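Visitor: Below you will find the structure I want to go over with you.
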Protein chains: 6
Amino acid sequence: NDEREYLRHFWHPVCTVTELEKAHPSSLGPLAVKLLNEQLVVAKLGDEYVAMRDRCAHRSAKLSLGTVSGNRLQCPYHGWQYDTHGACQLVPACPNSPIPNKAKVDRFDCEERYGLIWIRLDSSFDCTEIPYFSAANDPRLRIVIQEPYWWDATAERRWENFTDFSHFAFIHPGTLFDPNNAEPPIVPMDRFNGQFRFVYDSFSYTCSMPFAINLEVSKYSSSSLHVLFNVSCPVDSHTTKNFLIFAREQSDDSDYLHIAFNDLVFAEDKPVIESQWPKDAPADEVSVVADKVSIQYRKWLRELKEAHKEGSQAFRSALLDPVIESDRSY
Amino acid sequence: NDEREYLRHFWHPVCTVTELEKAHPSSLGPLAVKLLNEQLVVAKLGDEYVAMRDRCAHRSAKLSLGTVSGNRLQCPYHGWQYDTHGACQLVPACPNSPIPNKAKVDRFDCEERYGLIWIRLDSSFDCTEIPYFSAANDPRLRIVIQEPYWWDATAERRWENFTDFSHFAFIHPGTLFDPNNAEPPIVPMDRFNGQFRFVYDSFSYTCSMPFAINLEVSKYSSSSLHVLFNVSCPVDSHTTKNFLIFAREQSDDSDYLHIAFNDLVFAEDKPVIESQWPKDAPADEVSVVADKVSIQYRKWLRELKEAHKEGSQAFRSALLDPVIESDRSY
Amino acid sequence: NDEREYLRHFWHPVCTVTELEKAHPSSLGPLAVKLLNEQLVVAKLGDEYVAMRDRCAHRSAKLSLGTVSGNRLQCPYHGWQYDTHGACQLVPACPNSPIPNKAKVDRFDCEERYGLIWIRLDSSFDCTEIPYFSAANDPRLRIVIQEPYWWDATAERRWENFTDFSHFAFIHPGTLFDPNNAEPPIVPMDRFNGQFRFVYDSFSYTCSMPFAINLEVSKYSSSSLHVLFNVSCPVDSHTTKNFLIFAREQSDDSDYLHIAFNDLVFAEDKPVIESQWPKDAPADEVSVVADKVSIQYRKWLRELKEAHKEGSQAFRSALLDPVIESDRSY
Amino acid sequence: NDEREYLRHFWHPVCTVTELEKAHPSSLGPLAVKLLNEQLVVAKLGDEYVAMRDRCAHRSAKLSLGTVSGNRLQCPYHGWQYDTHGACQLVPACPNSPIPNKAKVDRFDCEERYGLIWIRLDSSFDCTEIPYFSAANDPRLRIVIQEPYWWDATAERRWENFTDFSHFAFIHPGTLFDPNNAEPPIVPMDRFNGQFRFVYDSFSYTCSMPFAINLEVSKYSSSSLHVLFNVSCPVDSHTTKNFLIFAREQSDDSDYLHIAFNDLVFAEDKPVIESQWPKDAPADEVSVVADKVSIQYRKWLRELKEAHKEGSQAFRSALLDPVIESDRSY
Amino acid sequence: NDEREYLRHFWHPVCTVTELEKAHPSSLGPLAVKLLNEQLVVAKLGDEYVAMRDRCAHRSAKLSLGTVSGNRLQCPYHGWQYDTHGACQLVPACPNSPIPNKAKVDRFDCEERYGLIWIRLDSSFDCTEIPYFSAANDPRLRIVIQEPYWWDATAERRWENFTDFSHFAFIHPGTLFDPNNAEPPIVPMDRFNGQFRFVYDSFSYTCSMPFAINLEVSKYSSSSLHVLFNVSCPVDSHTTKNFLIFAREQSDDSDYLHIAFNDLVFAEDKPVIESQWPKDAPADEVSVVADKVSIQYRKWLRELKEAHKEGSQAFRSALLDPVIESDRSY
Amino acid sequence: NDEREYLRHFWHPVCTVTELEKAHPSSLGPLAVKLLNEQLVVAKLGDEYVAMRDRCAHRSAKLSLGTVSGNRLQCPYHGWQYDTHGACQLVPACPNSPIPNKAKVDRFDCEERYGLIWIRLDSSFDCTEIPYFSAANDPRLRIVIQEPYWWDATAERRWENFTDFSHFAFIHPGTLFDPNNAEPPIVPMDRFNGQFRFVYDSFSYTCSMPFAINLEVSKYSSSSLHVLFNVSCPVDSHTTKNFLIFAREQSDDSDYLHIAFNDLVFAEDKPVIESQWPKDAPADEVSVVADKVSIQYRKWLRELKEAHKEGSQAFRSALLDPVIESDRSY
Ligand code: FES
Ligand code: FES
Ligand code: FES
Ligand code: FES
Ligand code: FES
Ligand code: FES
Ligand SMILES: [Fe+3]
Ligand SMILES: [Fe+3]
Ligand SMILES: [Fe+3]
Ligand SMILES: [Fe+3]
Ligand SMILES: [Fe+3]
Ligand SMILES: [Fe+3]
């Protein structure tokens with residue numbers, strides 16, 4: 001718990017826009033979501049996506065069992081109506097009395113981007129941004145947002161799985177493995193603008209810390225751009241709700257050709273990653289040199305955790321200071 | 001936790017007589033029941049309903065898997081037989097040896113009333129009685145005992161739901177909400193003989209503390225008496241087993257007209273009440289003036305809990321001293 | 001928790017050889033097993049059955065999801081290969097670097113006997129042996145290994161059920177209760193070589209402490225030998241995986257006549273034993289003279305628990321010193 | 001198919017009044033029922049129970065999915081309203097046009113008696129009555145109507161099972177088999193008023209043809225009257241919906257003592273009777289002298305089948321002519 | 001069967017393009033579908049959508065269990081490869097022998113349009129076209145293809161339900177009914193170009209015979225165009241697979257607002273339509289004047305059925321001859 | 001239908017001996033089985049396995065719900081006892097009366113062989129014998145009888161699947177397909193003693209007509225003998241109960257290595273074979289030269305079916321006359 005408090009300062013995806021619209025016949029929510037073990041409710045009130053604690057101030061019913069009408073989220077129990085700022089603006093039982101100052105629920109940063117809904121629980125450091133997806137607003141590329149997928153594994157373990165190449169021959173032998181490319185090198189890794197940047201051989205990674213990966217592939221078999229954008233919502237201490245968006249230049253083929261392939265890859269990873277125990281990586285794990293990405297990831301996470309304890313300035317420097325290993329200029 | 005110790009001093013219903021008779025083909029029980037997280041067993045031993053701890057003194061098997069033999073409860077494992085006082089009177093393997101002095105299980109005050117079985121776990125204060133049901137022994141009324149219904153909510157939250165009128169428009173708009181009588185005002189509430197008494201003008205409540213509600217309705221659409229008796233068994237920290245008995249003066253219609261209607265009402269309340277979290281109301285809940293019944297209820301429970309810590313005489317005064325604010329003469 | 005640590009010094013069955021061979025198409029395992037709440041993996045590497053902690057040293061994946069490859073157990077994630085001593089001998093991603101000294105997993109004693117796989121978690125006292133089954137090596141007898149049966153009950157409670165005669169009239173009245181022979185006397189019990197030995201007149205028990213029972217019956221209905229070997233794996237604090245092997249001299253009949261009878265007896269015991277609570281017998285249980293076997297059993301277990309605290313030679317003495325009550329010579 | 005047409009002339013129970021009142025929240029129905037493979041709908045219109053073909057004349061929707069509205073059954077599709085004679089009296093889409101003469105559905109005899117709803121599909125022979133239940137109107141007796149029980153067996157096979165004593169030692173050895181009274185003799189059987197009447201010494205049968213059995217027991221264990229009334233609804237060619245009403249003079253005990261016993265007896269019979277094949281008894285079945293009751297039953301049924309072909313007065317004579325074997329006077 | 005043969009001459013939708021692409025990871029099919037009780041397989045071979053009988057010529061395995069590679073559908077059993085014309089072009093067991101002339105399966109007209117796959121089983125009359133959807137290629141309108149929905153009702157009964165207004169007050173009271181528009185008139189109906197054309201008050205219907213409905217609504221509440229395109233696949237004698245495509249001018253709102261509404265309407269219709277029995281409308285159904293659309297629909301279907309028996313010219317005239325009742329010119 | 005009458009003249013396996021012993025706790029049966037749509041019962045009566053029609057002569061209950069008593073099969077309903085010839089020898093209700101002459105049920109030739117129970121429904125031609133299994137009574141071979149496996153396919157289609165090599169690349173590419181030995185040629189096939197005999201160079205088939213296959217493999221990868229014996233029970237027109245027995249010379253490996261492999265092979269075949277439709281091969285199937293085994297099999301079955309219509313001597317010649325085309329000397 002206290003060991004995860006620094007994560008409240010980042011933007012995390014909690015649902016797709018589609019999920020929010022499908023939740024109830026109004027198409028406006030509400031939708032219950034869970035983020036860092038906090039129970040939240042999401043709704044569209046007018047033009048705004050709003051996120052509140054899923055707990056009415058009156059008698060603690062779940063607002064996610066209520067109703068969106070226009071610019072209000074109405075509690076299902078005694079009909080208190082909450083506005084976009086989390087403030088109750090109608091107590092139907094006392095329509096002429098003034099509403100208690102108490103009658104407000106916590107309201108959090110909530111924004112749509114790339115077709116996902118993002119929530120930032122703590123905006124006090126004012127230095128984190130929604131992760132970078134390189135294919136957004138590139139009109140050469142067709143974009144597909146997959147349905148979210150749930151794993152009984154943590155966001156850290158999911159991230160390390162996605163950025164590891166050592167596992168292809170054993171988890172993905174028929175699907176991703178390459179006899180003639182069967183142990184890619186140790187590569188230089190740069191920190192720039194709160195992202196890890198590193199390239200392989202052609203795979204170009206931009207990883208917005210802590211849990212998002214933007215992978216641009218310049219493909220060998222077709223010579224056309226493919227982008228994978230994967231981000232894990234840390235739902236609680238043992239669970240992730242994971243999102244994949246993918247973009248492609250050659251878009252004459254079926255979206256489901258790629259969805260089925262992505263789903264096959266995830267199905268091969270899933271049971272092995274869910275088997276890792278304890279859920280959080282303990283100190284006794286044994287790294288080797290080929291674990292560079294994982295080793296550097298864990299080091300930066302540890303530094304961000306320390307810097308959060310020191311405060312806004314220290315956190316901003318730990319996240320945003322550049323640290324360059326490569327020949328590249330940014 | 002220790003919050004609930006004072007509740008052990010009250011009589012709580014644990015099952016209907018019908019449930020006890022259906023439990024075992026003999027119609028005498030035994031039946032396993034749970035009350036304030038205690039595992040108990042109820043059986044008809046001779047002319048008496050008896051409650052014991054559901055745990056044999058010999059090797060801890062559940063007596064509820066056993067059988068009533070004569071006027072005794074026989075354990076299923078090695079056949080020890082327990083009398084109405086929880087004392088072992090036969091050890092089949094050693095029929096002539098003396099029975100160990102410790103060969104006994106705790107028993108508890110247990111009585112049938114109104115077709116329910118009631119248990120009081122702690123009788124040491126000796127000032128509580130079985131709640132009041134006004135329709136009992138009224139020849140003019142047909143009485144129907146419904147099957148128990150289980151909620152994932154506490155008895156306090158269930159009580160507050162049953163006595164609140166604010167929620168009709170939102171939970172019961174098609175079934176109970178009167179669009180010409182939305183808000184009855186604050187009414188005076190009296191404490192008398194360990195009951196809350198209050199009237200609307202016609203709904204007359206007599207609420208035997210802590211969890212029983214007797215509601216006499218002098219109906220408007222029929223000019224005839226209807227009585228609802230609702231009481232919650234606090235099974236554990238997050239569960240209630242709830243009992244509804246209803247009585248009616250005009251009794252030539254179908255029982256199932258009313259049962260179906262009550263069931264529909266409970267089905268409307270249930271998911272909202274079960275969503276309330278945390279399960280016990282914290283101090284941060286925000287009341288409005290329309291919540292008088294709930295406010296006064298919580299106040300009295302707090303007083304009973306503090307008086308229990310001060311001992312038998314303090315508790316008896318907190319429970320039984322009158323506090324009148326209406327002009328009714330009792 | 002610490003009350004059970006002394007049980008780690010004994011050999012416990014964890015699966016049948018059949019279960020191991022059925023686990024994976026290779027017939028070599030791996031198979032996940034759980035013993036005293038430890039997650040272990042069993043595999044056949046060459047001619048050896050091996051047992052390791054089910055947790056890779058690299059990134060903590062379960063080895064039980066991996067593959068046997070010759071004399072090695074290969075992790076499913078990045079293919080680290082472990083030898084019969086639990087030491088990693090191949091890191092495929094770094095195939096010529098020195099393997100970290102840390103790259104080892106805990107390896108436990110593991111042996112086949114009687115068609116079961118046995119594990120001893122702690123071999124430090126070097127004085128325990130796999131329990132004795134008298135029918136092994138006897139060409140006169142046909143041996144049948146039943147499928148394991150799981151109970152929600154501890155190994156101590158299961159052992160006391162199997163060696164008690166008092167319960168027949170109440171649990172097994174149609175099946176084992178002899179109405180003309182309804183109370184076998186208290187018999188002398190010998191401790192010899194870490195076994196309880198006692199005889200009823202014809203039932204000869206050799207009970208390898210703590211959880212195995214070898215029962216030799218010279219039957220009253222055939223003049224033929226029948227052996228029952230029952231042993232309970234203590235899977236965790238509330239669960240047993242139980243094994244029955246039986247042997248018989250007159251073997252021209254169907255194995256399933258006997259299997260169905262054993263299963264019927266176990267089904268009659270099961271719900272009563274599973275109801276016993278709390279799972280471990282508290283000090284408050286009330287014994288009678290007929291309970292001699294379980295009284296003496298509990299005494300010896302407590303002696304073994306005390307001696308374990310005192311260290312290796314106290315434990316050896318408590319386990320293996322003779323204590324003779326009968327007129328028999330050993 | 002045509003072999004069963006004569007059964008349409010009798011009254012058959014189709015549901016309990018309780019089932020009808022529970023079907024729909026209004027307590028008035030409608031309820032879908034099936035009798036001799038006809039799909040019917042039952043409803044309470046005013047003070048009358050009505051039974052119609054469950055098929056609207058307009059577009060063939062099921063009226064059982066509709067609503068009772070005063071003295072009318074309203075179709076769910078376009079709201080045509082049917083009166084107690086099955087005639088449409090309102091076409092909402094054409095509220096002042098003349099209603100087509102075709103706008104009528106078949107209406108069948110429907111009456112409540114003993115707490116069951118009875119239907120007679122063909123009243124043309126005007127000689128059948130609702131079966132006789134002797135305990136009705138008797139203030140000395142407490143009456144209990146059990147929930148209906150469904151069997152995969154025909155009404156004839158169920159009737160022959162209920163009136164056979166030969167099967168007790170094999171189906172009911174623990175439950176009804178009297179080892180000292182193991183073969184009741186052949187008894188004289190009288191036909192009187194469309195009933196078989198026969199007596200065993202104390203068991204007095206009055207069997208209203210074809211499917212109802214009234215059994216009056218003067219018990220050997222109390223000197224008290226016990227009545228069993230069993231009747232089978234022939235739902236289709238292989239299914240029965242069966243009804244048991246029982247009455248007892250000594251009524252201070254639990255209803256559920258008796259219900260559980262009846263249910264245990266029925267559960268013992270059920271799989272054997274359901275196994276009988278083909279469902280209707282072929283001519284090749286081999287009778288013995290002990291089968292007198294079922295031999296005479298089969299003879300009378302065949303007589304009724306022959307007489308139905310001959311028309312109304314032959315059937316009346318076959319049903320109601322007396323045929324006396326005993327010394328009794330009627 | 002013979003009574004449905006005329007339907008083989010029309011184009012019927014059998015799946016969405018999305019369903020075909022999702023069926024297997026190739027994204028090319030194959031997909032099993034059923035049309036007029038014929039088992040068919042659909043695949044994308046190169047650029048073409050192809051439909052064949054789902055039955056290999058060799059040993060009658062289902063081609064729908066096989067694999068699409070490029071321009072071939074490979075049988076799962078012995079790998080015979082079929083081309084876009086249904087001809088086997090590779091017998092892997094006899095790669096040098098010539099392929100039997102027998103080695104071909106029936107191939108049917110198969111075309112994508114509007115995002116659905118359409119099949120015409122009989123092209124011999126050469127005068128039927130894929131039904132008309134007015135919103136196709138109108139760039140003012142956003143188009144949404146719903147997931148198909150299955151009903152246990154025939155295409156005729158589904159069509160008549162969709163074009164009836166009489167049922168709103170009873171099936172759709174809260175969702176479509178209008179007190180102040182509560183019985184729309186009898187309207188003129190034109191036959192033109194194989195479509196029924198009729199308008200209401202503003203609802204404009206173009207119904208391509210036999211099973212498609214294109215409804216253009218000029219809405220009262222928003223003054224913007226909404227188009228509903230509903231077509232029923234006659235899967236067999238009692239089943240429809242139904243498709244809804246809808247288009248809207250005001251497309252700033254959520255697609256799921258409309259999907260949820262359409263799904264609610266269908267859920268209200270579904271149980272009533274599925275209750276209609278027999279599945280095909282028999283002669284005894286009673287029409288009233290307000291049934292004009294249904295009456296005229298059944299008349300044209302009957303004429304098409306007669307004309308099919310007479311041949312191509314007669315069928316073409318029955319389908320395509322104009323029959324004008326309205327003031328309109330086409 | 002009448003197509004299958006000739007199959008009644010052959011011996012078919014109906015269950016394993018293990019299945020019979022497991023059916024009832026006595027280990028003697030009875031066990032219900034179905035063969036060519038006949039409902040039969042098998043029991044061990046004394047030293048004999050007996051098959052009767054599963055239908056009591058008295059009131060048609062299933063004898064398979066009864067019990068073996070001594071050397072008789074006792075009906076569950078009224079306890080009639082049937083001897084090994086199907087004759088009733090005890091009528092409990094009339095123990096002294098003469099037993100009706102018709103109190104008997106049909107019995108059928110029934111024998112154990114190889115650990116299976118075989119039944120021949122029609123013994124009148126008296127020229128068929130139980131199929132040949134070459135490994136029986138060979139000391140060098142360990143024999144494993146697998147559990148039966150059920151397919152929704154006919155015995156003919158299952159036989160043709162088992163003897164076809166064409167399908168390996170497509171159904172079994174990972175498990176059986178040899179990429180260097182795809183096509184063995186047409187081989188000569190001999191008819192001898194009612195068996196098909198044919199050899200590949202090493203696979204030697206002896207196929208006892210109609211449904212049994214004995215395959216002797218002189219393996220290449222081990223230089224040791226492996227025998228597969230597969231036989232299908234034609235349960236009804238669309239179902240088979242299939243039996244696999246396998247024998248091996250090198251028998252120090254795990255039985256479950258082989259069982260798992262066989263099960264994987266059957267799992268690969270099963271959905272393709274079950275998809276073949278219609279269930280019986282019609283005349284429109286297209287054979288190629290590689291189908292010789294299947295072509296010759298169907299030819300011989302057609303001859304047996306025609307010879308059966310001509311009578312006992314014609315059938316005996318069709319079945320037993322030799323037809324040699326190899327140069328082997330028998
Ligand atoms: S709990 Fe939300 S309005 Fe009362
Ligand atoms: S545990 Fe109850 S008698 Fe032994
Ligand atoms: S977790 Fe085992 S090899 Fe990496
Ligand atoms: S189908 Fe009943 S009113 Fe139309
Ligand atoms: S059944 Fe299709 S290739 Fe043989
Ligand atoms: S039916 Fe078998 S003994 Fe009566
Ligand atoms: Fe992966
Ligand atoms: Fe309520
Ligand atoms: Fe036991
Ligand atoms: Fe019976
Ligand atoms: Fe509709
Ligand atoms: Fe195969």
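Letters for chains follow the order of the structure tokens (A, B, ...), residue numbers begin at 1 for each chain, and ligand numbers begin at 1 in the order shown.
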Quick one: residues within 9 Å of residue 197 in chain C, only C-alpha atoms, excluding same-chain residues fewer than 2 positions away - as a ChimeraX atom specification?
Guide: /C:188-192,195,199,204-208
Visitor: Could you turn the residues from that selection into a file that holds N, CA and C atoms, as a CSV table (one decimal), in the first residue's frame?
Guide:
```
chain,number,residue,atom,x,y,z
C,188,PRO,N,-3.3,-53.2,25.0
C,188,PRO,CA,-2.0,-52.7,25.1
C,188,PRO,C,-1.4,-52.1,23.8
C,189,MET,N,-0.7,-51.0,23.9
C,189,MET,CA,-0.1,-50.4,22.8
C,189,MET,C,1.4,-50.3,23.0
C,190,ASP,N,2.2,-50.8,22.0
C,190,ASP,CA,3.7,-50.7,22.1
C,190,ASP,C,4.2,-49.6,21.1
C,191,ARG,N,5.2,-48.9,21.6
C,191,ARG,CA,6.1,-48.1,20.7
C,191,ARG,C,7.3,-48.9,20.3
C,192,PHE,N,7.6,-49.1,19.0
C,192,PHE,CA,8.8,-49.8,18.6
C,192,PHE,C,9.2,-49.3,17.2
C,195,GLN,N,6.9,-46.8,15.4
C,195,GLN,CA,5.6,-47.3,15.1
C,195,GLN,C,4.8,-47.6,16.4
C,199,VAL,N,-2.9,-54.8,18.8
C,199,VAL,CA,-3.6,-56.0,18.2
C,199,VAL,C,-4.9,-56.1,18.9
C,204,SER,N,-4.3,-56.5,13.3
C,204,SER,CA,-2.9,-56.2,13.8
C,204,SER,C,-2.5,-54.9,13.1
C,205,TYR,N,-2.3,-53.8,14.0
C,205,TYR,CA,-1.9,-52.5,13.5
C,205,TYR,C,-0.4,-52.3,13.7
C,206,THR,N,0.2,-51.7,12.6
C,206,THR,CA,1.5,-51.2,12.7
C,206,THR,C,1.4,-49.8,12.1
C,207,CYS,N,1.5,-48.8,13.0
C,207,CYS,CA,1.3,-47.4,12.6
C,207,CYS,C,2.6,-46.6,12.6
C,208,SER,N,3.2,-46.4,11.4
C,208,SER,CA,4.4,-45.6,11.3
C,208,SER,C,4.1,-44.1,11.6
```
Visitor: So which residues are near ligand 8, meaning at most 9 Å away with only C-alpha atoms and all ligand atoms counted, given back as a list in words?
Guide: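 The residues within 9 Å of ligand 8, counting only C-alpha atoms and all ligand atoms, are residues 161, 162, 163, 164, 165, 167, 168, 171, 172, 176, 265, 266, 267, 268, 269 and 270 of chain B.
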Visitor: Restricting it to C-alpha atoms, dump the selection as a PDB file, in the first residue's frame.
Guide:
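Produced file selection.pdb, reproduced below:
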```
ATOM      1  CA  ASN B 161     -33.596   0.951   4.972  1.00  0.00           C
ATOM      2  CA  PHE B 162     -36.917  -0.393   6.270  1.00  0.00           C
ATOM      3  CA  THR B 163     -37.789   2.787   8.274  1.00  0.00           C
ATOM      4  CA  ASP B 164     -36.670   5.319   5.645  1.00  0.00           C
ATOM      5  CA  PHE B 165     -39.186   7.028   3.370  1.00  0.00           C
ATOM      6  CA  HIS B 167     -35.808   6.246  -0.902  1.00  0.00           C
ATOM      7  CA  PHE B 168     -39.261   5.411  -2.350  1.00  0.00           C
ATOM      8  CA  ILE B 171     -35.799   2.513  -5.426  1.00  0.00           C
ATOM      9  CA  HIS B 172     -39.566   1.942  -5.546  1.00  0.00           C
ATOM     10  CA  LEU B 176     -44.364   2.304  -3.368  1.00  0.00           C
ATOM     11  CA  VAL B 265     -39.942  -4.464  -2.883  1.00  0.00           C
ATOM     12  CA  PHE B 266     -37.089  -6.409  -1.271  1.00  0.00           C
ATOM     13  CA  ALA B 267     -35.609  -7.170  -4.703  1.00  0.00           C
ATOM     14  CA  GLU B 268     -35.554  -3.417  -5.444  1.00  0.00           C
ATOM     15  CA  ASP B 269     -33.848  -2.511  -2.150  1.00  0.00           C
ATOM     16  CA  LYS B 270     -31.406  -5.425  -2.032  1.00  0.00           C
TER      17      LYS B 270
END
```
Visitor: From the DSSP assignment of the backbone, select every residue of range 18-106 of chain A that is strand (DSSP E), and format the answer as a ChimeraX atom specification.
Guide: /A:31-35,38-45,48-53,67-69,72-74,81-82,88-90
Visitor: How would the residues just picked look written out with N, CA and C atoms as a short mmCIF file (atom, residue, chain, number, x, y, z; two decimals), in the first residue's frame?
Guide:
```cif
data_model
loop_
_atom_site.label_atom_id
_atom_site.label_comp_id
_atom_site.auth_asym_id
_atom_site.auth_seq_id
_atom_site.Cartn_x
_atom_site.Cartn_y
_atom_site.Cartn_z
N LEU A 31 -19.90 3.73 -14.80
CA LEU A 31 -19.14 2.48 -14.87
C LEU A 31 -18.25 2.40 -13.64
N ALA A 32 -18.36 1.30 -12.88
CA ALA A 32 -17.43 1.07 -11.77
C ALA A 32 -16.09 0.62 -12.32
N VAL A 33 -15.00 1.20 -11.81
CA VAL A 33 -13.64 0.76 -12.12
C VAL A 33 -12.86 0.75 -10.82
N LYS A 34 -11.74 0.03 -10.83
CA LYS A 34 -10.86 -0.06 -9.68
C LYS A 34 -9.44 0.25 -10.12
N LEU A 35 -8.77 1.12 -9.37
CA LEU A 35 -7.44 1.62 -9.74
C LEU A 35 -6.63 1.71 -8.46
N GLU A 38 -8.54 1.38 -5.37
CA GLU A 38 -9.54 2.40 -5.07
C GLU A 38 -10.77 2.16 -5.93
N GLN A 39 -11.95 2.18 -5.31
CA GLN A 39 -13.20 1.99 -6.05
C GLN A 39 -13.71 3.33 -6.56
N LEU A 40 -13.80 3.45 -7.88
CA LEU A 40 -14.12 4.69 -8.56
C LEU A 40 -15.30 4.47 -9.49
N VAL A 41 -15.93 5.57 -9.87
CA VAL A 41 -17.02 5.52 -10.82
C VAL A 41 -16.70 6.53 -11.92
N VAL A 42 -16.96 6.14 -13.16
CA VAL A 42 -16.72 6.98 -14.33
C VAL A 42 -18.06 7.24 -15.00
N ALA A 43 -18.26 8.48 -15.47
CA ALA A 43 -19.46 8.82 -16.21
C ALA A 43 -19.14 9.95 -17.18
N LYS A 44 -19.98 10.09 -18.21
CA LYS A 44 -19.91 11.25 -19.10
C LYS A 44 -21.05 12.21 -18.73
N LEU A 45 -20.69 13.35 -18.14
CA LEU A 45 -21.65 14.37 -17.73
C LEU A 45 -21.50 15.54 -18.70
N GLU A 48 -17.93 16.23 -20.58
CA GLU A 48 -16.77 15.89 -19.77
C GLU A 48 -16.83 14.44 -19.29
N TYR A 49 -15.69 13.76 -19.30
CA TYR A 49 -15.56 12.48 -18.60
C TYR A 49 -15.13 12.75 -17.16
N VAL A 50 -15.89 12.22 -16.21
CA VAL A 50 -15.64 12.52 -14.81
C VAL A 50 -15.36 11.22 -14.06
N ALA A 51 -14.51 11.31 -13.04
CA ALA A 51 -14.19 10.18 -12.17
C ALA A 51 -14.35 10.62 -10.72
N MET A 52 -15.13 9.85 -9.96
CA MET A 52 -15.37 10.12 -8.55
C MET A 52 -15.14 8.85 -7.74
N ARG A 53 -14.97 9.01 -6.43
CA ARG A 53 -15.04 7.85 -5.56
C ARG A 53 -16.43 7.21 -5.67
N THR A 67 -27.62 6.58 -11.96
CA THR A 67 -28.12 6.95 -13.28
C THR A 67 -27.51 8.29 -13.67
N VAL A 68 -27.09 8.39 -14.92
CA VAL A 68 -26.65 9.67 -15.48
C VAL A 68 -27.83 10.29 -16.21
N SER A 69 -28.21 11.50 -15.80
CA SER A 69 -29.16 12.32 -16.54
C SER A 69 -28.52 13.68 -16.81
N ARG A 72 -25.56 15.33 -14.51
CA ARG A 72 -25.63 14.89 -13.12
C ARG A 72 -25.50 13.38 -13.04
N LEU A 73 -24.85 12.91 -11.97
CA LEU A 73 -24.83 11.50 -11.58
C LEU A 73 -25.70 11.36 -10.34
N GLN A 74 -26.81 10.64 -10.47
CA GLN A 74 -27.80 10.49 -9.41
C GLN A 74 -27.55 9.20 -8.64
N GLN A 81 -27.95 14.22 -6.28
CA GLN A 81 -27.43 14.43 -7.63
C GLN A 81 -26.07 15.12 -7.53
N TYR A 82 -25.05 14.52 -8.15
CA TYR A 82 -23.69 15.06 -8.10
C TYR A 82 -23.33 15.66 -9.45
N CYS A 88 -22.68 17.60 -4.42
CA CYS A 88 -24.12 17.38 -4.48
C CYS A 88 -24.84 18.71 -4.73
N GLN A 89 -25.73 18.73 -5.73
CA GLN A 89 -26.50 19.93 -6.06
C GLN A 89 -28.00 19.73 -5.90
N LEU A 90 -28.44 18.57 -5.40
CA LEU A 90 -29.86 18.38 -5.11
C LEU A 90 -29.99 17.27 -4.09
#
```
Visitor: If the limit is 10 Å from any atom of ligand 1, counting only C-alpha atoms and all ligand atoms, which residues qualify? Return them as an MDAnalysis selection string.
Guide: (chainID A and resid 55:63 66 74:82 88 90:93 103) or (chainID B and resid 166:167 170 272:273 275:276 285:288 291)
